[PDB]
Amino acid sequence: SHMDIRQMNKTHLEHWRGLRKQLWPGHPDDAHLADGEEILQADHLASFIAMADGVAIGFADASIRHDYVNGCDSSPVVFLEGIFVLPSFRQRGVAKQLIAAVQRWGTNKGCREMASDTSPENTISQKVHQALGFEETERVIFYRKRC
């Protein structure tokens, strides 16, 4: 059936929250709500919903980042902040089309580079990133200290 990638607006908020809670289970209930509203008002945040037959089968969150991005040489950068496709709809090209939409958005915003990161443990994600034309740039360990 015909699939559409829709940039998320007020009308897709429930579709998006329903999927996001499956990518990140236990990511607090009030966070998803505030995140939704922020994204709709942003010019440096956009999310994209894969729709077919009137149901939402996957999503991607994207940003335009001005912070230094690991492995990139230019600024700003279009960044893949999250991506998830429902188990039953996987390996059908949903993520490919989601990422194409993120790229289109970032390109129209004047980004020269698209970036993403994933866990060294998530081998499917690594294969996916590489199939869709991403190259590995560097691996890093992050640290934090409370101020």
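The numbering used is simple: start at 1 and walk along the sequence shown.
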Please check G106 against the other PDB entries of this protein that were compared: is it missing in at least a third of those that model both its neighbours?
no
Report, as yes or no, whether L33 is left without coordinates in at least one third of the other compared entries.
yes
Select between 120-128 and 13-21 the stretch whose C-alpha atoms have the higher average B-factor in the entry.
120-128
Higher avg CA temperature factor (57-65 vs 42-50, as deposited) belongs to 42-50
Considering only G106, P28, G93, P87, which residue's Cα atom bears the greatest B-factor as recorded?
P28
Residue, from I83, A34, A101, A115, that the PDB entry assigns the highest Cα B-factor
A34
